[PDB]
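Novice: Let me give you the structure first, and then I'll get to my questions.
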Amino acid sequence: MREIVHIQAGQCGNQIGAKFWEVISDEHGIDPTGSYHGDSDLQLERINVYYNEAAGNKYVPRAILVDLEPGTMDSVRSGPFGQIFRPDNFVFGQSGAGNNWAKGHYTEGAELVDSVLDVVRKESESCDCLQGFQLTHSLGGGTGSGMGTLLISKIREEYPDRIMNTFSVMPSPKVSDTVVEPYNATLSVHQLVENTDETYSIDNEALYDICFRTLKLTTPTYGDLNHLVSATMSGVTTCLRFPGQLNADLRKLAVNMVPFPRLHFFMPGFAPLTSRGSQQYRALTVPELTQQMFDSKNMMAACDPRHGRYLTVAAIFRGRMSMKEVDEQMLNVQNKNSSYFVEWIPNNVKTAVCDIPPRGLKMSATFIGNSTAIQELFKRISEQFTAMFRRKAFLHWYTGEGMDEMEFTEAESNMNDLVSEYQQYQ
Amino acid sequence: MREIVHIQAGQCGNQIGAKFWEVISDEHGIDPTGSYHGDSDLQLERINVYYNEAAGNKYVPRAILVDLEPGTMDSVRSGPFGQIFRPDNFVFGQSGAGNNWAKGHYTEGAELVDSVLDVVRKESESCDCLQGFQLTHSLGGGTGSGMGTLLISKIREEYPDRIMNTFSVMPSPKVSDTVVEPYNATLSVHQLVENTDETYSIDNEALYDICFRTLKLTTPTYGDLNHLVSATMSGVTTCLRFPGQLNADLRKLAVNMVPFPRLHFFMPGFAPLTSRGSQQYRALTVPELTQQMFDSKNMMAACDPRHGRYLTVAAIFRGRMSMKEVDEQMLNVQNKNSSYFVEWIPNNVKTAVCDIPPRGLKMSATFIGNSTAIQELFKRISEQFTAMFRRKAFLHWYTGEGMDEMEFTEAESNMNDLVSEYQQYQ
Amino acid sequence: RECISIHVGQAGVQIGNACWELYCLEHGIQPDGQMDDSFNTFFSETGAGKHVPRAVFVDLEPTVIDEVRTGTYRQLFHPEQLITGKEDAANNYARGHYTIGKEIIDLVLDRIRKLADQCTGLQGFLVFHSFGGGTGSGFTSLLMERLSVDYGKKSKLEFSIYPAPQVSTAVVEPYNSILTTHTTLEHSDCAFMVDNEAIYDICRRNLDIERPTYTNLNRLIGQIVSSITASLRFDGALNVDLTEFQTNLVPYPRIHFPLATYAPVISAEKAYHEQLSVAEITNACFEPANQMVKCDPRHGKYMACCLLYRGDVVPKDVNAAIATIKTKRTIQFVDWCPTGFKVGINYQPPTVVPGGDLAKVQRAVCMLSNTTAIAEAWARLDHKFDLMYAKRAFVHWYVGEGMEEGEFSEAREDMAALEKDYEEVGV
Amino acid sequence: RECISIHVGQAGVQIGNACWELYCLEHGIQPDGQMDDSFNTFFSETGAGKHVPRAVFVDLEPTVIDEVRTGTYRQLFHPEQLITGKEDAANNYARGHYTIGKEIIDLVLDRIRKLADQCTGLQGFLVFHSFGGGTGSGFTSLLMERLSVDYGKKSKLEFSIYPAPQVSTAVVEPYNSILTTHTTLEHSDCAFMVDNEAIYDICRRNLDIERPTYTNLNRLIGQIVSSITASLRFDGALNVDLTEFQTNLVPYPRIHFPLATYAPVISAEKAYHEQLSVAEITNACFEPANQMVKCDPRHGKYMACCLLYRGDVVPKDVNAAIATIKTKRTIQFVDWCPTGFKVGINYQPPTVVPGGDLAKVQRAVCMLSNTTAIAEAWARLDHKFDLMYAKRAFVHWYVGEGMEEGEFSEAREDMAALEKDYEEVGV
Ligand SMILES: Nc1nc2c(ncn2[C@@H]2O[C@H](COP(=O)(O)CP(=O)(O)OP(=O)(O)O)[C@@H](O)[C@H]2O)c(=O)[nH]1
Ligand SMILES: Nc1nc2c(ncn2[C@@H]2O[C@H](COP(=O)(O)CP(=O)(O)OP(=O)(O)O)[C@@H](O)[C@H]2O)c(=O)[nH]1
Ligand SMILES: Nc1nc2c(ncn2[C@@H]2O[C@H](COP(=O)(O)OP(=O)(O)OP(=O)(O)O)[C@@H](O)[C@H]2O)c(=O)[nH]1
Ligand SMILES: Nc1nc2c(ncn2[C@@H]2O[C@H](COP(=O)(O)OP(=O)(O)OP(=O)(O)O)[C@@H](O)[C@H]2O)c(=O)[nH]1
């Protein structure tokens, strides 16, 4: 019944994945021990779409947690929710990737991905009818960037019809936590655009910006950022997890958010994002959520949407709400702000509403957006790439794993072609 | 429904604005926490015209509190009513204006006004139909004078049809609290006369004069002066806040009080203004209020009205009262005192009466007046301007922010032209 | 809203002995260095229950920098801030500027940069020195040149100590005063002056201290500097930041020399037998008997007068007080600045030093005045320099350092060019 | 995740005296050798309630290897690991490489193989030596040739100690430094350098130790090596293994010479009077006054900068700190590596040595930097060698060992070929 096999790769992908299971397990009322204790029976209706039934009324997620550093699994295993996962899914090597794309893609992960592919086959064949593969990885480093795109190639090869969903956390020069960022990013997106059908471009710079301005946090840890990214993952799959007045599958999001097959790089958002002080001074009405959704500063990517135009956007709402006020707000945000929407598409908005809000909150919304302004993330990464590639710095560490210089050239051409096509429809 | 977005700029504008929310919140029976506890349901009828409905029967004012010194917001936040305001509206810089018009208008406030304009758009688009912008600022100093007129230019640019209401607190030489008073005043009114449609010229010298003569206060603090200025703000908007036998909108006051577009500089008043001793020795009848309204000494500006003539005056009454006695007093004050009223206008008076008096008082009135005698406030400021401008003292601190000497010349010409036109119709 | 201080020479550090004594007293900061937002202007929090000043003490002679290191304020001051030299400038403007100056500015100017990046709300600077010795004169003009070119846009509050008209501690200091003013004219944004026999005369007449030492002088000098920065440290009816002094008192970019004064200067026994209100203390601050420099204001005119009050003072009575000042004809403002008045009010009153000489009062005034009365002090200071300079008296020490006939002539004509502005604005 | 160490020469074993003092202290390992997964990187469990290092001490002179055998750390070290020679290399690169080198490498290289098979997660190597004497120079280049050909793929962390620019313990060591670098260029994967007068100057200025001995130096040197391997021994927000240093700091396979530094270097009494955050310690590590070698960074450019932090340090403030480093123009990166930054965070803070000199701090930084500033040290070290080599000074000892005119010329042109790369990448 439209099942979803979940993949986690890299330290960042395991961290956002670890917190992701923390959030939705509380939405379904699942104990850390895995036993179901939810109040409403609707939580147990579509529990199969992320869990498997086990004896003693126990459940286990279909989470294939991949890495090359064993320390990441120990943190997840020792966490508040490590005990719910199957111990067999923890496939992990001994030596880390060392922030090399070619290691995870050719030497380190290439021997390990064959063992991981058997577990993907185990969880898939146990399904009734899987819809897509929800993958979480960062383009920074070697594990998520190199081994992750290799794993995407094999799953896309065996499953050329399912929905290859990815959440590519790609940083900016404003937060440069690794010198080998452009080679890891430029080579990873060379494989993603050819294979995947969804690419949620999330940036750490934008994620820190949410914590100061609208969330108003003094000390935003990575766990606070993981809570925000988990909210977007739970929002896009809320239609196919609970009853709703308009249930849009991930395929039904992909059909509307992808006007051409390469233009599938998105920019997520979430609301209400209120501070502790601004809780009582804010109305829960629908127009207040919509202005926060389309707010240019409340995007989870470094590219401001005002610098370009939306090809097509989606707004997956949650909780009880009138459809008429939703339709007016979806109508009004394209009338007055028509400069930020291409007019050769007549209606650039997709709507959806579930009858179950998040736990603790009365109403909520989740934004998807394929903007022409997103190309500047690829433009600045190309500037960093060509800055280091013009003198060939740090390329010899990729030649040791058999990777040739032409593969960097083919990635840069496919990268620069992606920048030109968003500039076409701007 | 004729909504009003409120602006507060400068220390004086924030102080009179802070006390202004204290008064009307008690008129509507609003707690400091924001919850409504009024006795009469008519208070909750037009509560939207200054507040927004929130969850838990809570309300929040549409108060955009602007400054360049953060200490002013801390006093308002720590005040008796700081907790009712939205924490997001407090837009404020780090460094004060230093009593420089050019800083707030070009360097200090010019970067901050762009952030403030987004909040004006937030409160405006949430409205159903806004009528006008009620701004409070002093022409003394750099914040209210420089940044305030800049903010008025942008709002007037985007909203060329709404009612730009301002309360310009302009001092006299009798109370010269700052050496840079004429440059702050002469440059501010250069922008106000071209853009705004109401300018309530209030003077600190007249405000202190009320406390000694008719109020009979030993130690008049600034808070006592803020209570008097708040009474005038609540009086002019009383028609569009409660039911009344004659409801005059601010546009319906502007149409009668502005015979020519530049002649929109007013002189407010309020009654009954009785001391603690003279409470029982005074009748609450309507003719007693009228003689106190048109009293030459009970004006809130340094210019005596006997030195000129009224082009057009308004008297917004409050509380239950017969219309006939109001019409006779409006009639009698132009028959015998016809020398103080221009006769090329046949009827120089505007009347209005609400069916709800102020809290604690049985009856009340509020005066507006556009007199030809008001030009002496502009004349004496021009004398102070030309006294310091003849040798160009303290002008070099304005050249650092790019302001040129011709802008002082253009302000002085527009200032002196304003003096000549009131002398025409005298 | 921060402002970092430096202290040059024997006079500067001796001011810092008493000036920081009353700063830490006003915020409840013991000499140990511990007991919310008021003390952040001049004290940074260090971890948990500890404070450190944003202070720097520099003196090329090691005589008194180590005295603080072994005095009572050992724990309060971070010991690396207490910078010291190796040998003395010895009353030579050139020695503190070129030979011994150029060996330690590389330490202290880069250290002043360290406090700048440690801070965020740096409003300006306030230096403490004197024109007597080579340290306060030579090293400051060297440091002010390198601090001005480093930042430029920030302000600098120069609290100098003149040599008195006839009283004097040395003989060569006219060379120091005329040379340091040649460089201080184009660099300092505000130049506050103090005199030696005037402050001796004030406490003798009003405070009744017939035998004062220098520690008695520095108590009220720190009170003067504490008064102008109290508006930044506490809230009031009308606060004034450091930027107001540049905009209100400097009508032209060269005449930037205010005059400081303080009142009520009243002892402990006279406080009970005398009522203090804003009127009498206002008139007390304008008379020549209470001005901090030996110059009579009736000879010249007040160009501007910034009245900074403290303690419980309402805002309506000050307007009555300044009205009496405007109608009194013994003191008269210039026609080009008729509204030559600025008011500042602070609710927190002054604090009494334990064991000091001043008495606690519920209200006090610290009036700053830019006027042409200082031109008389410049003339007599320039006049006495001409007799020594004509005979080449004490010139062989400065030119032995490296100088020549030239810069003495530049210092002379610069002083005449400065006085050319005062006689011009005196019209 | 293991890494076995070797210690050559007097400098290497003297580092091991203090370096292993703080390793066993950090894991609660007493000198007896007993009190979960943190200590496995540098300590193997022996049966029940006992630990042994993965350490090897080699020194051809028996002077100080037996000092550990009779010191306080007798029970901790397995006595067969403490390998010793019979006679001294005596400041001759050739004597420690051919005559006395070739009689003991057969023992220690096969013994290093024994620890390899005893281990499973051997990441690489970390050797400790100096270019002063023949032991640290000759024996290491001999052993590195036989260890490189044995494994090759594994990494090697070379913590050498230069001779200082003007300070020096001997006269012949320029021959040792130029000859050992001829072989170390093609073998060592990472070459970390240390200077003698720099570490003397750092603790004098910042730590206030006017009279340090060598045991005071080795405390912070072990802290530097402990900092880079703390990410392997403990968990953090963003851990970095040994393989990151080869991929991040070596843009070309020949320029593999980082520079180490450490901050905050603060005493016990100055910790209370100074607040420690990530901003000031970050700027403190880039200035020339805290670099471990006598080379100013402003003369050259930073090619890469790996910032390894410890203790409670959040990940959002470091991004603000490196932003200030990028906009500050006194230090500037090369255009070919604009994102020349790597961050590493560890929750476990540094540990204070009992009876040492450093003070306990809640956070610390150990910044590694690959730059062209070391080319100045190569030039002056190569320049001083030319005067002795031109007159054939001290050549009769090396050629008496067996060498000739040839390899001195190969060592000279290899150094010029090394400097040919630094002037090339300095564009
Ligand atoms: N929003 C979050 N971002 C994270 C988190 N952890 C890391 N990151 C960011 O993602 C960037 C790279 O992602 P990873 O940490 O997963 C590097 P990866 O594990 O894939 O390779 P190796 O660790 O070298 O084997 C990283 O530089 C951070 O900017 C996190 O917990 N939350
Ligand atoms: N009736 C009142 N008048 C006030 C009050 N506060 C100040 N004022 C008067 O208004 C004059 C100038 O207004 P402001 O205090 O707001 C100076 P502003 O804040 O706009 O500039 P900066 O403080 O320099 O940033 C001022 O000199 C007073 O005469 C008040 O609370 N009530
Ligand atoms: N008001 C006041 N003046 C002081 C004080 N201490 C010193 N002075 C004056 O400062 C003048 C010289 O100051 P400095 O430049 O610091 O003298 P110095 O540091 O001893 O210079 P050297 O002789 O080179 O050591 C003297 O003439 C004094 O009149 C003080 O505590 N209060
Ligand atoms: N920083 C630091 N340097 C040291 C220390 N011990 C020795 N050195 C340096 O090491 C250099 C020589 O090192 P070695 O090769 O070990 O000298 P050696 O072992 O005595 O060589 P022989 O004379 O043949 O015995 C000297 O010039 C010292 O400057 C130390 O504990 N700390």
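Letters for chains follow the order of the structure tokens (A, B, ...), residue numbers begin at 1 for each chain, and ligand numbers begin at 1 in the order shown.
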Show me which residues sit within 8 Å of ligand 1 when counting only C-alpha atoms and all ligand atoms, and put them as a CSV table (one decimal) with N, CA and C atoms, in the first residue's frame.

Specialist:
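Wrote part-v1.csv, looks like this:
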```csv
chain,number,residue,atom,x,y,z
A,9,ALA,N,22.4,7.9,5.0
A,9,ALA,CA,23.8,7.8,4.6
A,9,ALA,C,24.5,9.0,5.1
A,10,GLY,N,25.8,8.9,5.5
A,10,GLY,CA,26.6,10.0,6.0
A,10,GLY,C,26.2,10.4,7.4
A,11,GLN,N,27.1,11.1,8.1
A,11,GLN,CA,26.8,11.6,9.5
A,11,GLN,C,25.6,12.5,9.5
A,12,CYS,N,25.5,13.5,8.6
A,12,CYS,CA,24.4,14.4,8.6
A,12,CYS,C,23.1,13.7,8.2
A,13,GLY,N,23.2,12.8,7.3
A,13,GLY,CA,22.0,12.0,6.9
A,13,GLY,C,21.5,11.1,8.0
A,14,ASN,N,22.4,10.6,8.8
A,14,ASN,CA,22.0,9.8,10.0
A,14,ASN,C,21.5,10.6,11.1
A,15,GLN,N,22.0,11.9,11.2
A,15,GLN,CA,21.5,12.7,12.3
A,15,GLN,C,20.1,13.2,12.0
A,16,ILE,N,19.9,13.7,10.8
A,16,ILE,CA,18.6,14.2,10.4
A,16,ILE,C,17.6,13.0,10.3
A,67,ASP,N,26.7,3.9,6.8
A,67,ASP,CA,27.8,4.8,7.0
A,67,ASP,C,29.1,4.0,6.8
A,68,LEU,N,30.2,4.7,6.9
A,68,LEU,CA,31.5,4.2,6.9
A,68,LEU,C,32.3,4.4,8.2
A,69,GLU,N,31.7,5.2,9.2
A,69,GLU,CA,32.3,5.4,10.5
A,69,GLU,C,31.4,4.7,11.5
A,96,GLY,N,36.4,5.7,8.1
A,96,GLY,CA,35.5,6.7,7.6
A,96,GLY,C,36.0,7.1,6.2
A,97,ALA,N,35.1,7.8,5.5
A,97,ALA,CA,35.3,8.3,4.1
A,97,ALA,C,36.5,9.3,4.0
A,98,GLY,N,36.8,10.0,5.1
A,98,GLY,CA,37.8,11.0,5.0
A,98,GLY,C,37.5,12.2,4.1
A,99,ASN,N,36.2,12.5,3.9
A,99,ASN,CA,35.7,13.5,3.0
A,99,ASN,C,36.3,13.4,1.6
A,100,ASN,N,36.1,12.3,1.0
A,100,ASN,CA,36.5,12.0,-0.4
A,100,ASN,C,35.4,11.3,-1.1
A,137,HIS,N,20.8,12.3,2.9
A,137,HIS,CA,22.3,12.4,2.8
A,137,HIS,C,22.7,13.8,2.6
A,138,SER,N,23.9,14.2,3.0
A,138,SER,CA,24.5,15.5,2.7
A,138,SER,C,25.5,15.3,1.6
A,139,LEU,N,25.6,16.4,0.7
A,139,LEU,CA,26.6,16.4,-0.3
A,139,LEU,C,28.0,16.8,0.2
A,140,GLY,N,28.1,17.3,1.4
A,140,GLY,CA,29.4,17.5,2.0
A,140,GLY,C,29.9,16.2,2.6
A,141,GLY,N,31.2,16.0,2.4
A,141,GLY,CA,31.9,14.8,2.8
A,141,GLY,C,31.8,13.7,1.7
A,142,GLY,N,32.4,12.5,2.0
A,142,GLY,CA,32.5,11.4,1.1
A,142,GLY,C,31.5,10.4,1.2
A,143,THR,N,31.0,10.2,2.4
A,143,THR,CA,30.0,9.1,2.7
A,143,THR,C,28.7,9.4,2.0
A,144,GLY,N,28.0,10.5,2.4
A,144,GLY,CA,26.7,10.8,1.8
A,144,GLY,C,26.8,11.2,0.3
A,145,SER,N,27.9,11.8,-0.1
A,145,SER,CA,28.1,12.3,-1.4
A,145,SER,C,28.5,11.2,-2.4
A,169,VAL,N,21.4,17.8,1.6
A,169,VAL,CA,21.9,18.9,2.4
A,169,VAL,C,23.2,19.4,1.9
A,170,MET,N,23.1,20.6,1.2
A,170,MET,CA,24.2,21.2,0.5
A,170,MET,C,24.6,22.5,1.1
A,171,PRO,N,25.9,22.7,1.6
A,171,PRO,CA,26.2,24.0,2.3
A,171,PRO,C,26.6,25.1,1.3
A,175,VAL,N,29.0,29.1,5.2
A,175,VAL,CA,29.4,28.1,6.2
A,175,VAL,C,30.2,27.0,5.4
A,176,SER,N,31.5,27.1,5.4
A,176,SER,CA,32.4,26.2,4.7
A,176,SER,C,33.1,25.4,5.8
A,177,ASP,N,32.4,24.3,6.2
A,177,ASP,CA,33.0,23.4,7.2
A,177,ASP,C,34.0,22.4,6.6
A,178,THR,N,34.2,22.3,5.3
A,178,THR,CA,35.2,21.4,4.7
A,178,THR,C,35.7,22.0,3.4
A,203,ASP,N,20.2,24.0,3.0
A,203,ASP,CA,21.5,24.7,3.3
A,203,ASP,C,21.6,25.0,4.8
A,204,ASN,N,22.8,24.8,5.3
A,204,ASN,CA,23.0,25.0,6.7
A,204,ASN,C,23.0,26.5,7.0
A,207,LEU,N,19.5,27.3,7.5
A,207,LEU,CA,19.0,26.7,8.7
A,207,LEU,C,19.3,27.4,10.0
A,222,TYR,N,23.0,21.3,16.3
A,222,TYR,CA,22.6,20.6,15.1
A,222,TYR,C,21.3,19.9,15.4
A,223,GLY,N,21.0,19.5,16.6
A,223,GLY,CA,19.7,18.8,16.9
A,223,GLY,C,18.5,19.7,16.7
A,224,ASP,N,18.7,21.0,16.9
A,224,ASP,CA,17.6,22.0,16.6
A,224,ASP,C,17.4,22.1,15.1
A,225,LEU,N,18.5,22.0,14.3
A,225,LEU,CA,18.4,22.0,12.8
A,225,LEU,C,17.8,20.7,12.4
A,226,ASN,N,18.1,19.6,13.0
A,226,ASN,CA,17.5,18.3,12.6
A,226,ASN,C,16.0,18.3,12.9
A,229,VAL,N,14.4,20.0,9.8
A,229,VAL,CA,14.4,19.2,8.6
A,229,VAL,C,13.5,18.0,8.7
D,237,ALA,N,30.7,16.7,17.8
D,237,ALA,CA,29.7,17.1,16.9
D,237,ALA,C,30.1,16.9,15.4
D,238,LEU,N,31.4,17.1,15.1
D,238,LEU,CA,32.0,16.8,13.8
D,238,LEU,C,33.4,16.3,14.1
D,239,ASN,N,33.5,14.9,14.1
D,239,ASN,CA,34.8,14.3,14.4
D,239,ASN,C,35.6,14.3,13.1
D,240,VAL,N,37.0,14.2,13.2
D,240,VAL,CA,37.9,14.2,12.1
D,240,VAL,C,39.0,13.1,12.5
```

Novice: Applying 7 Å and only C-alpha atoms, which residues near residue 56 in chain C remain after dropping the ones on its own chain fewer than 3 positions away? List them as JSON, numbers by chain.

Specialist: {"C": [5, 6, 7, 81, 82]}

Novice: Considering only C-alpha atoms, extract the chain A residues located within 8 Å of chain D and return them as a ChimeraX atom specification.

Specialist: /A:71,94-96,98-100,173-180,208,219-222,384,387-388,390-391,393-397

Novice: I'd like to know which residues of range 59-97 of chain A are strand (DSSP E) (by DSSP, run on the backbone); could you write them as a PyMOL selection string?

Specialist: chain A and resi 59-61+63-67+91-92

Novice: Would you export the selected residues with C-alpha atoms as a JSON list (two decimals), in the first residue's frame, please?

Specialist:
```json
[["chain", "number", "residue", "atom", "x", "y", "z"],
["A", 59, "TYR", "CA", 6.95, -2.31, 15.48],
["A", 60, "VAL", "CA", 10.30, -1.72, 13.77],
["A", 61, "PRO", "CA", 11.07, 0.96, 11.12],
["A", 63, "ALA", "CA", 15.41, 2.21, 8.22],
["A", 64, "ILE", "CA", 18.59, 1.13, 6.42],
["A", 65, "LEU", "CA", 21.21, 3.13, 8.34],
["A", 66, "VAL", "CA", 24.39, 3.23, 6.23],
["A", 67, "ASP", "CA", 27.77, 4.78, 7.05],
["A", 91, "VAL", "CA", 25.51, -1.91, 7.86],
["A", 92, "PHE", "CA", 28.72, 0.03, 8.45]]
```

Novice: Counting only C-alpha atoms and all ligand atoms, which protein, DNA or RNA residues come within 6 Å of ligand 3, given as a list in words?

Specialist: residues 9, 10, 11, 14, 15, 61, 88, 89, 90, 91, 130, 132, 133, 134, 135, 136, 169, 196, 214, 217 and 218 of chain C

Novice: Any chance you can output those residues with C-alpha atoms as a PDB file, in the first residue's frame?

Specialist:
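After the write, selection_27.pdb holds the following:
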```
ATOM      1  CA  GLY C   9      51.740  59.373  32.207  1.00  0.00           C
ATOM      2  CA  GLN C  10      51.826  59.996  35.935  1.00  0.00           C
ATOM      3  CA  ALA C  11      48.751  62.241  35.826  1.00  0.00           C
ATOM      4  CA  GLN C  14      46.864  58.809  39.116  1.00  0.00           C
ATOM      5  CA  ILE C  15      43.441  59.736  37.736  1.00  0.00           C
ATOM      6  CA  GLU C  61      58.470  54.987  33.865  1.00  0.00           C
ATOM      7  CA  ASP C  88      61.353  57.371  31.597  1.00  0.00           C
ATOM      8  CA  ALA C  89      60.477  59.999  28.994  1.00  0.00           C
ATOM      9  CA  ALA C  90      61.737  62.644  31.465  1.00  0.00           C
ATOM     10  CA  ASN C  91      59.661  65.767  30.618  1.00  0.00           C
ATOM     11  CA  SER C 130      48.673  65.801  31.083  1.00  0.00           C
ATOM     12  CA  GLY C 132      53.371  68.439  31.859  1.00  0.00           C
ATOM     13  CA  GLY C 133      55.688  65.501  31.277  1.00  0.00           C
ATOM     14  CA  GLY C 134      56.841  63.742  28.135  1.00  0.00           C
ATOM     15  CA  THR C 135      54.682  60.676  28.794  1.00  0.00           C
ATOM     16  CA  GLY C 136      51.317  62.449  28.800  1.00  0.00           C
ATOM     17  CA  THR C 169      55.550  71.696  38.621  1.00  0.00           C
ATOM     18  CA  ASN C 196      46.074  72.675  38.789  1.00  0.00           C
ATOM     19  CA  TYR C 214      46.534  64.752  44.481  1.00  0.00           C
ATOM     20  CA  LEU C 217      41.824  66.124  43.300  1.00  0.00           C
ATOM     21  CA  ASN C 218      41.242  62.925  41.315  1.00  0.00           C
TER      22      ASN C 218
END
```

Novice: Could you please select, counting only C-alpha atoms, the residues of chain B within 7 Å of chain A and state them as a PyMOL selection string?

Specialist: chain B and resi 54-55+60+86-87

Novice: Env of residue 68 in chain D: 8 Å cut, atoms = only C-alpha atoms, seq-sep filter 5 positions within chain, self excluded. Answer as a PyMOL selection string.

Specialist: chain D and resi 17+73-74

Novice: I need the chosen residues saved as a CSV table (one decimal), in the first residue's frame, with N, CA and C atoms.

Specialist:
```csv
chain,number,residue,atom,x,y,z
D,17,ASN,N,58.2,11.3,27.5
D,17,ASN,CA,58.1,11.4,29.0
D,17,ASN,C,56.9,12.2,29.4
D,73,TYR,N,57.4,5.7,35.8
D,73,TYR,CA,56.6,5.0,34.8
D,73,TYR,C,57.3,3.7,34.4
D,74,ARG,N,57.5,2.8,35.4
D,74,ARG,CA,58.1,1.5,35.3
D,74,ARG,C,57.0,0.4,34.9
```

Novice: Can you tell me which residues surround residue 300 in chain C at a distance of at most 10 Å, considering only C-alpha atoms, apart from same-chain residues fewer than 4 positions away, and format the answer as a list in words?

Specialist: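 Contacts, in chain order: residues 295, 296, 331, 332, 333, 334, 371, 372, 373, 374, 375, 376, 422, 423, 426 and 427 of chain C.
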
Novice: Could you work out which residues of chain D fall inside 10 Å of chain C? Count only C-alpha atoms, and format the result as a PyMOL selection string.

Specialist: chain D and resi 205-206+269-277+279-280+283-284+324

Novice: Measuring between only C-alpha atoms, which one of C:419, C:13, C:389, C:265 shows the shortest distance to residue 359 in chain C?

Specialist: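 The shortest atom-to-atom distance to residue 359 in chain C comes from C:265.
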
Novice: Extract, using only C-alpha atoms, all DNA, RNA and protein residues at most 12 Å from residue 417 in chain D, discarding same-chain residues fewer than 2 positions from it, and format them as a VMD selection string.

Specialist: chain D and resid 181 to 182 185 254 to 255 375 378 to 379 409 to 415 419 to 424

Novice: Dump C-alpha atoms for the selected residues as a compact mmCIF listing (two decimals), in the first residue's frame?

Specialist:
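Output below, filename selection.txt:
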```
# COMPACT_ATOMS: atom_id res chain seq x y z
CA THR D 181 64.79 16.40 4.71
CA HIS D 182 66.16 14.97 1.45
CA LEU D 185 60.24 14.72 1.53
CA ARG D 254 55.29 17.36 -2.25
CA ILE D 255 54.09 20.33 -0.14
CA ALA D 375 59.92 28.78 3.15
CA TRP D 378 64.07 26.72 4.87
CA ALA D 379 66.01 29.56 3.24
CA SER D 409 74.67 18.22 -3.60
CA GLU D 410 71.51 16.09 -3.86
CA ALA D 411 70.42 17.45 -0.48
CA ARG D 412 71.12 21.01 -1.64
CA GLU D 413 69.25 20.79 -4.95
CA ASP D 414 66.42 18.89 -3.25
CA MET D 415 66.00 21.82 -0.87
CA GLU D 419 61.68 25.90 -2.29
CA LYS D 420 60.97 25.93 -6.04
CA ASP D 421 57.51 24.59 -5.15
CA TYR D 422 56.88 27.13 -2.38
CA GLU D 423 57.65 30.14 -4.58
CA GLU D 424 55.48 28.50 -7.26
```

Novice: Using only C-alpha atoms and all ligand atoms, can you tell me which of B:412, B:404, B:205, B:128 comes closest to ligand 2?

Specialist: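 Ranking B:412, B:404, B:205, B:128 by distance to ligand 2, first place goes to B:205.
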
Novice: Could you give me, as a ChimeraX atom specification, each residue of range 73-246 of chain B that DSSP assigns to alpha helix (DSSP H) when run on this structure's backbone?

Specialist: /B:73-77,101-102,108-125,148-158,181-195,204-213,222-236

Novice: Would you compute the distance between CA of residue 278 in chain D and CA of residue 262 in chain D? Give it in Å to one decimal.

Specialist: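 That distance, rounded to one decimal, is 12.6 Å.
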
Novice: List the spatial neighbours of residue 335 in chain A as a PyMOL selection string - criterion: any atom at most 12 Å away, only C-alpha atoms, same-chain residues fewer than 5 positions off excluded.

Specialist: chain A and resi 328-330+340-343+346-349
